[PDB]
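Asks: Take this structure first; my questions come after.
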Amino acid sequence: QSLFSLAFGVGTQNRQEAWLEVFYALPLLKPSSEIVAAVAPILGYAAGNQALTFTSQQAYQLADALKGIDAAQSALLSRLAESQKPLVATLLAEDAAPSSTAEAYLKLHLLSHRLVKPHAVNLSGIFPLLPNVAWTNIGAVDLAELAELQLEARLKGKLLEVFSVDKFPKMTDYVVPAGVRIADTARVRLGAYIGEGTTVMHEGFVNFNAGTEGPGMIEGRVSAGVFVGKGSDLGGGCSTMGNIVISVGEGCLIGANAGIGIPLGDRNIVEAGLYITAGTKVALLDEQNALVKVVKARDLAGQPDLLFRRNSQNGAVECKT
Amino acid sequence: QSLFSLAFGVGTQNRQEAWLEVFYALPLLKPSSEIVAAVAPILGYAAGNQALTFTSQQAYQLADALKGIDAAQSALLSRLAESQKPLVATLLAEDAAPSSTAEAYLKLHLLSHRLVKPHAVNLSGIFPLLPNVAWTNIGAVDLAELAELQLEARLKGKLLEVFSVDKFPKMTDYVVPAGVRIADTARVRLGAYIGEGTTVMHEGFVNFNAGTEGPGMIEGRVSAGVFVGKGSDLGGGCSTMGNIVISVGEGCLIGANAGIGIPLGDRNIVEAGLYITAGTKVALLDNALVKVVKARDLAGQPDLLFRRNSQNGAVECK
Amino acid sequence: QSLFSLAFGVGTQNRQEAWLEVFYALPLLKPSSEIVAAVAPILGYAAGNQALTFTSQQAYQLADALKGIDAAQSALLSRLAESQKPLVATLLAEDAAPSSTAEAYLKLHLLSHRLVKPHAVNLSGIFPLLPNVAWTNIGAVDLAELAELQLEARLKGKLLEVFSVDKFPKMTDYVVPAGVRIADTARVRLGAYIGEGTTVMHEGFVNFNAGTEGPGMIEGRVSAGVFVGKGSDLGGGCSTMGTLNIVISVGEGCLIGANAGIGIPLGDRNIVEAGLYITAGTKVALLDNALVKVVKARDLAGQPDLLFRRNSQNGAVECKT
Ligand SMILES: N[C@H](CCCCC(=O)O)C(=O)O
Ligand SMILES: N[C@H](CCCCC(=O)O)C(=O)O
Ligand SMILES: N[C@H](CCCCC(=O)O)C(=O)O
């Protein structure tokens, strides 16, 4: 059948050969049968979703079997035949719940390489499949083995820097897509879709399965599953929430430290320092600022051209059209 | 006497022999008399709270002394004996206001290894004992010597990365306690207590002498001296203040960008985007009115639900 | 003429000889005619604003020329003479809109070395002269060359760390000014002015062409073009508005509470309540605490000794003189 995805990965394993992470230089959405027929008899692949650990010799086999077909995947596999780490040709048949850390890592590479957009990928059950790892300057270190390597570094007058301890690495250690700025790459997880013309400032955050159409100025927090449409501005410290799936529309402006708990339609504005939730009651207005009625914000969710603001004289949350 | 604490460290000194930081691989709280008796003669330790420098040769002597007493300390000493960096043995008879840089570091270590909890140790006058230090990829660097090292790196087409300039280092370059998540480790100082099951996200922060029993999802700012009970939450970008001892009870929820200037009791609730302090007047409820009181008075009461009324801007509590 | 500035730099170039960044150890504001006379012939410098590449051999000639005029610059040039990286000598007759990457970098160096203050240097058109770059543990890497290197690191079992993708690098990687703490150096850009006796906590942020006179605790976000006067405080997570209209500045001895936000220039000894956000149009209940009139915040901008606050019983935004 027509594969969902395939990728030749180079990862790291804990002392017991359990995977900690895997790097995928050039992952493919819907590979071609000519690439797949070449490698398929080599991987000992038959069908399904398989994470097939393979050898340095086979890397030379594959590099050859792709001479003529897909030079980049071929040139990728030449390089991988020199690899000091272990290899995992991962081949998915369907967009299905991951059944491996190694497939989990492939699937996060698709969002980040922009090969798929948020929610175009099954990330049901993924958390159990991502070992909580020490992210350090030498790479991935298993939590059980850390203190050891920390001490040895100190003896040699050196430092083993531990810059995150989480089940997600930061995206940029695997991929920086085109036209992107990220001031503090600690703040953007792998699995984030950062669209062309997006500038994530130091105060911005972007979770896995979440992000920006591009362009956009993100100075606030983009929660898991949230998507921000083109032309939008998230101000400093502003919050989105992670039931209902929060989204932001096109040309929206969210002021500094504002909070949104409802979907914002296109060309929406939210005043700095205003937190709106689904249950928050809002004093609706008309083309003037005469009252029309009071309503719950949930019932304004998705509406275009709204201006949410706090009346400073009576503490009333207003909305203008 | 029975020692409060002891630990064998490897640290860094500046050209003028002043200590910048100390790394303690296995600090001991209430070390047995057997260990102390084996180690005191070699160190020159008689009494009190002391940061005693010791030599590569003394490391071998100590290693042998602790064979048949404590294997783990004996093995550390064997590693230590091979060090390229100066060694210090910190023996504290009592828990008192620190009297050295090495002692201060040891006491931050006791918190971050979870051997003691926030407020359990005397940290009075710690600030002067913790030199402001450039934290870099090669290790700790003295501010007076940094600009020269920065230059030399660029000549070799290398970078001397200066990722913090402060008196406290980040915790995880010394210690990662069990069952712990920290999204961005710049955000947790050495001296923070990070309880098992706690996951600290990118916007979460924890100061020294503060932290979490665990579990918890910390996405906000736990100031110095603030402890947060089991199963409590601190949503994105919230804040706690660091006079009156601020804490958070068990099973509590705190909203995003909210701010607590009072000690919240068990199972308390604060609204997202809602800041309260000890002087902010709140409308108490039963939601019929009872009386307008200052949040300082409710401080400690369990099972509350703080909120801001979206029509009249009134701060309320139920 | 008298030069506005000159500086000798060692920098990084991409494959096509384009500058990615320049490091200046000892930049000079208003350098002597004696220093400029020694170097102008050797560099081929006549006039104008120039960034002239010079050779390792020219470095020796410059070093020799400056023995007896300026020893430190001579001492730097002898170091630069041995360097593994390209050199550039930036000489600027006038403080004007940058015309090269090397010049743009110098001006940010002039700011972060405290040789000039925010708004004392012409920074117009600086975004297009600052190339977007990957800031890694091996230095600056061109975005076009990154993926190849990210691959090679994994194959040697190492990690090329990408800690920022941006047009501005973090300041402390170039210069740490005396008498300063910065908890998380990610949050202070090159071009920041961090006055003596400033602490920037982890949640603090200082953009280029902004900063602090000193002393002061900055736990909140100082935007581009904002200068905070001596002895003032910015609490955890607070906000200033930038202009990227009217330039926002904070006066001396001011207090700004956690999560609060300023959209007006605050005069001396001003105070703002924690969690309170004010803008130019925000209508405020002015007091003496007996009412006087409900006026726009813009008319108070710059006034000394004010105390802005939110009335917790009726939501009213006030200001007690
Ligand atoms: N605010 C939520 C936090 C959810 C934590 C995600 C994790 O467990 O690593 C979000 O941004 O999605
Ligand atoms: N409680 C802390 C205060 C900031 C610490 C400042 C210092 O280390 O000199 C906080 O607001 O998180
Ligand atoms: N809030 C604004 C952000 C300015 C844009 C940041 C950039 O494109 O380098 C400020 O700090 O002034």
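Ordering of the structure tokens sets the chain letters (A, B, ...), residue numbers begin anew at 1 in every chain, and ligands are numbered from 1 in the order given.
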Can you tell me, as JSON, numbers by chain, what residues are no more than 12 Å from stretch 29-32 of chain A when counting only C-alpha atoms, ignoring any on the same chain fewer than 4 positions away?
Replies: {"A": [1, 2, 3, 4, 5, 6, 7, 36, 37, 38, 39, 40, 66, 69, 70, 73, 91, 92, 93, 94, 95, 106, 107, 109, 110, 111, 113, 114, 115, 116, 117, 120, 121]}
Asks: Using only C-alpha atoms, determine which residues lie at most 8 Å from residue C:232, disregarding the query and same-chain residues fewer than 3 positions distant; provide the list as a ChimeraX atom specification.
Replies: /C:215-217,228-229,250-255
Asks: Find the spatial neighbours of stretch 213-227 of chain A, counting only C-alpha atoms, within a cut-off of 6 Å - ignore same-chain residues fewer than 4 positions away - and output them as a list in words.
Replies: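 Here the answer would be residues 195, 196, 197, 198, 199, 200, 201, 203, 204, 205, 206, 207, 208, 209, 231, 232, 233, 234, 235, 236, 237, 238, 239, 240, 241, 242, 246 and 247 of chain A.
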Asks: Generate the output file for the selected residues, N, CA and C atoms, as an mmCIF file, in the first residue's frame.
Replies:
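Okay, this is what ended up in part-v9.cif:
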data_model
loop_
_atom_site.group_PDB
_atom_site.id
_atom_site.type_symbol
_atom_site.label_atom_id
_atom_site.label_comp_id
_atom_site.auth_asym_id
_atom_site.auth_seq_id
_atom_site.Cartn_x
_atom_site.Cartn_y
_atom_site.Cartn_z
ATOM 1 N N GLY A 195 5.572 28.446 10.723
ATOM 2 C CA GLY A 195 5.381 28.794 9.312
ATOM 3 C C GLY A 195 6.211 29.977 8.865
ATOM 4 N N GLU A 196 6.482 30.028 7.558
ATOM 5 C CA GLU A 196 7.357 31.046 6.971
ATOM 6 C C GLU A 196 6.922 32.433 7.403
ATOM 7 N N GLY A 197 7.903 33.259 7.738
ATOM 8 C CA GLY A 197 7.659 34.626 8.190
ATOM 9 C C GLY A 197 7.244 34.743 9.642
ATOM 10 N N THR A 198 7.323 33.642 10.386
ATOM 11 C CA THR A 198 7.036 33.680 11.815
ATOM 12 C C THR A 198 8.286 34.132 12.551
ATOM 13 N N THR A 199 8.098 35.040 13.496
ATOM 14 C CA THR A 199 9.142 35.442 14.414
ATOM 15 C C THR A 199 8.661 35.157 15.840
ATOM 16 N N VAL A 200 9.240 34.134 16.468
ATOM 17 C CA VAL A 200 8.977 33.821 17.873
ATOM 18 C C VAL A 200 10.000 34.535 18.772
ATOM 19 N N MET A 201 9.529 35.515 19.536
ATOM 20 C CA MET A 201 10.392 36.233 20.465
ATOM 21 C C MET A 201 10.665 35.382 21.711
ATOM 22 N N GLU A 203 9.902 35.599 24.715
ATOM 23 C CA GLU A 203 8.731 35.348 25.551
ATOM 24 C C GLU A 203 7.716 34.381 24.913
ATOM 25 N N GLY A 204 7.860 34.117 23.613
ATOM 26 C CA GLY A 204 6.982 33.188 22.927
ATOM 27 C C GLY A 204 7.242 31.756 23.352
ATOM 28 N N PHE A 205 6.210 30.925 23.287
ATOM 29 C CA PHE A 205 6.361 29.488 23.451
ATOM 30 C C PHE A 205 5.493 28.786 22.402
ATOM 31 N N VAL A 206 5.988 27.690 21.829
ATOM 32 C CA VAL A 206 5.181 26.860 20.915
ATOM 33 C C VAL A 206 5.338 25.363 21.208
ATOM 34 N N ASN A 207 4.224 24.718 21.533
ATOM 35 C CA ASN A 207 4.185 23.318 21.933
ATOM 36 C C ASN A 207 4.185 22.374 20.711
ATOM 37 N N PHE A 208 4.370 21.080 20.950
ATOM 38 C CA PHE A 208 4.201 20.092 19.882
ATOM 39 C C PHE A 208 2.769 20.202 19.332
ATOM 40 N N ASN A 209 2.559 19.733 18.100
ATOM 41 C CA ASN A 209 1.245 19.751 17.445
ATOM 42 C C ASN A 209 0.570 21.134 17.490
ATOM 43 N N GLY A 231 -0.788 36.426 9.418
ATOM 44 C CA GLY A 231 -0.892 37.851 9.706
ATOM 45 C C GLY A 231 -1.174 38.249 11.145
ATOM 46 N N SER A 232 -1.135 37.294 12.081
ATOM 47 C CA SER A 232 -1.527 37.547 13.477
ATOM 48 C C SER A 232 -0.368 37.941 14.402
ATOM 49 N N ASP A 233 -0.704 38.663 15.466
ATOM 50 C CA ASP A 233 0.263 39.131 16.461
ATOM 51 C C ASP A 233 -0.135 38.624 17.843
ATOM 52 N N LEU A 234 0.668 37.735 18.424
ATOM 53 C CA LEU A 234 0.503 37.385 19.833
ATOM 54 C C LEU A 234 1.499 38.205 20.664
ATOM 55 N N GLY A 235 0.970 39.056 21.537
ATOM 56 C CA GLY A 235 1.779 39.957 22.364
ATOM 57 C C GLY A 235 2.460 39.287 23.543
ATOM 58 N N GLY A 236 3.362 40.027 24.181
ATOM 59 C CA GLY A 236 4.205 39.491 25.245
ATOM 60 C C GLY A 236 3.448 38.903 26.421
ATOM 61 N N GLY A 237 3.705 37.634 26.709
ATOM 62 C CA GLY A 237 3.139 36.966 27.878
ATOM 63 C C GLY A 237 1.699 36.500 27.724
ATOM 64 N N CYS A 238 1.110 36.716 26.547
ATOM 65 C CA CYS A 238 -0.276 36.328 26.329
ATOM 66 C C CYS A 238 -0.396 34.812 26.338
ATOM 67 N N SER A 239 -1.564 34.348 26.752
ATOM 68 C CA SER A 239 -1.825 32.936 26.962
ATOM 69 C C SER A 239 -2.908 32.481 25.987
ATOM 70 N N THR A 240 -2.781 31.242 25.523
ATOM 71 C CA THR A 240 -3.874 30.490 24.921
ATOM 72 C C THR A 240 -4.003 29.241 25.799
ATOM 73 N N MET A 241 -5.120 28.523 25.707
ATOM 74 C CA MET A 241 -5.327 27.357 26.578
ATOM 75 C C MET A 241 -5.288 26.040 25.791
ATOM 76 N N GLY A 242 -4.963 24.955 26.495
ATOM 77 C CA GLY A 242 -4.773 23.640 25.883
ATOM 78 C C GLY A 242 -5.750 22.617 26.429
ATOM 79 N N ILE A 246 -8.749 25.445 21.106
ATOM 80 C CA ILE A 246 -8.546 26.876 20.877
ATOM 81 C C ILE A 246 -7.801 27.125 19.570
ATOM 82 N N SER A 247 -8.268 28.114 18.811
ATOM 83 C CA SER A 247 -7.581 28.559 17.603
ATOM 84 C C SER A 247 -7.601 30.080 17.513
#
Asks: Chain C near ligand 3 within 8 Å: what's each residue's closest atom pair and its distance in Å to one decimal, counting only C-alpha atoms and all ligand atoms, ordered by chain then ascending residue number, as a Markdown table?
Replies:
| residue | atom | partner | partner_atom_place_in_ligand_line | distance |
| --- | --- | --- | --- | --- |
| C:127 | CA | ligand 3 | 9 (O) | 7.7 |
| C:166 | CA | ligand 3 | 9 (O) | 7.9 |
| C:167 | CA | ligand 3 | 9 (O) | 7.3 |
| C:168 | CA | ligand 3 | 9 (O) | 7.4 |
| C:206 | CA | ligand 3 | 11 (O) | 7.7 |
| C:207 | CA | ligand 3 | 11 (O) | 5.6 |
| C:221 | CA | ligand 3 | 11 (O) | 7.5 |
| C:222 | CA | ligand 3 | 11 (O) | 6.6 |
| C:223 | CA | ligand 3 | 11 (O) | 3.4 |
| C:224 | CA | ligand 3 | 12 (O) | 3.8 |
| C:225 | CA | ligand 3 | 12 (O) | 6.8 |
| C:240 | CA | ligand 3 | 1 (N) | 7.9 |
| C:241 | CA | ligand 3 | 1 (N) | 6.4 |
| C:242 | CA | ligand 3 | 12 (O) | 4.1 |
| C:243 | CA | ligand 3 | 12 (O) | 6.0 |
| C:244 | CA | ligand 3 | 4 (C) | 4.9 |
Asks: As a quick test: using only C-alpha atoms and all ligand atoms, which residues lie no more than 6 Å away from ligand 2? Give them as a list in words.
Replies: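 After applying the 6 Å limit, what remains is residues 207, 223, 224 and 242 of chain B.
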Asks: When the cut-off is 9 Å and we count only C-alpha atoms, which residues of chain A are near chain B, given as a ChimeraX atom specification?
Replies: /A:132,134,137,143,146-148,150-152,154-169,186-187,203,205,221,237-239,257-259,273-277,280-283,314-317
Asks: Would you mind listing what lies within 10 Å of residue C:271 as a CSV table (one decimal) with C-alpha atoms, in the first residue's frame, with only C-alpha atoms counted and same-chain residues fewer than 2 positions away left out?
Replies:
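Saved the output as selection_21.csv:
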chain,number,residue,atom,x,y,z
C,232,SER,CA,13.6,51.6,39.4
C,233,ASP,CA,12.0,48.2,39.5
C,253,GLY,CA,12.8,55.3,41.4
C,254,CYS,CA,9.7,53.9,39.7
C,255,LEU,CA,7.9,50.7,40.8
C,256,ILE,CA,6.0,48.5,38.4
C,257,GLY,CA,4.2,45.5,39.9
C,266,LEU,CA,6.1,57.0,33.5
C,267,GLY,CA,7.7,59.9,35.3
C,268,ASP,CA,10.0,59.8,38.4
C,269,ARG,CA,9.0,57.9,41.5
C,273,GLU,CA,-0.1,48.0,40.9
C,274,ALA,CA,0.6,44.3,40.3
C,304,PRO,CA,6.2,62.7,38.9
C,305,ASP,CA,5.0,60.9,42.1
C,306,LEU,CA,1.9,59.0,40.9
C,307,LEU,CA,0.3,55.7,42.2
C,308,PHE,CA,-1.8,53.9,39.6
C,309,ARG,CA,-4.1,51.2,40.9
C,319,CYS,CA,-4.3,57.4,40.3
C,320,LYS,CA,-3.5,58.9,43.7
Asks: Which residues in stretch 97-170 of chain B does DSSP call helix (DSSP H, G or I)? List them as number ranges by chain.
Replies: B: 101-112, 127-129, 143-155
Asks: Write the residues you've just listed into a file as an mmCIF file, in the first residue's frame, and include C-alpha atoms for each of them.
Replies:
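Just written: out_36.cif:
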data_model
loop_
_atom_site.group_PDB
_atom_site.id
_atom_site.type_symbol
_atom_site.label_atom_id
_atom_site.label_comp_id
_atom_site.auth_asym_id
_atom_site.auth_seq_id
_atom_site.Cartn_x
_atom_site.Cartn_y
_atom_site.Cartn_z
ATOM 1 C CA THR B 101 31.308 29.644 49.736
ATOM 2 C CA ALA B 102 31.818 25.850 49.913
ATOM 3 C CA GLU B 103 29.349 25.575 52.839
ATOM 4 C CA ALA B 104 26.771 27.691 50.990
ATOM 5 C CA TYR B 105 27.097 25.437 47.938
ATOM 6 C CA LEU B 106 26.766 22.354 50.158
ATOM 7 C CA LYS B 107 23.576 23.780 51.664
ATOM 8 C CA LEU B 108 22.042 24.532 48.254
ATOM 9 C CA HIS B 109 23.001 20.923 47.377
ATOM 10 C CA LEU B 110 21.087 19.588 50.423
ATOM 11 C CA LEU B 111 17.879 21.255 49.193
ATOM 12 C CA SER B 112 18.282 20.214 45.523
ATOM 13 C CA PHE B 127 24.233 36.340 49.259
ATOM 14 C CA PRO B 128 27.716 37.732 50.080
ATOM 15 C CA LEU B 129 29.136 34.134 50.075
ATOM 16 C CA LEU B 143 34.193 38.112 35.803
ATOM 17 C CA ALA B 144 37.651 39.758 35.838
ATOM 18 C CA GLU B 145 39.055 36.942 33.658
ATOM 19 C CA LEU B 146 36.140 36.528 31.208
ATOM 20 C CA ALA B 147 36.841 39.167 28.543
ATOM 21 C CA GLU B 148 40.279 37.679 27.881
ATOM 22 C CA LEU B 149 38.853 34.123 27.533
ATOM 23 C CA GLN B 150 36.078 35.434 25.253
ATOM 24 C CA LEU B 151 38.704 36.969 22.944
ATOM 25 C CA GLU B 152 40.857 33.810 22.775
ATOM 26 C CA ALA B 153 37.876 31.655 21.745
ATOM 27 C CA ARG B 154 37.005 33.949 18.798
ATOM 28 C CA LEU B 155 40.628 33.798 17.536
#
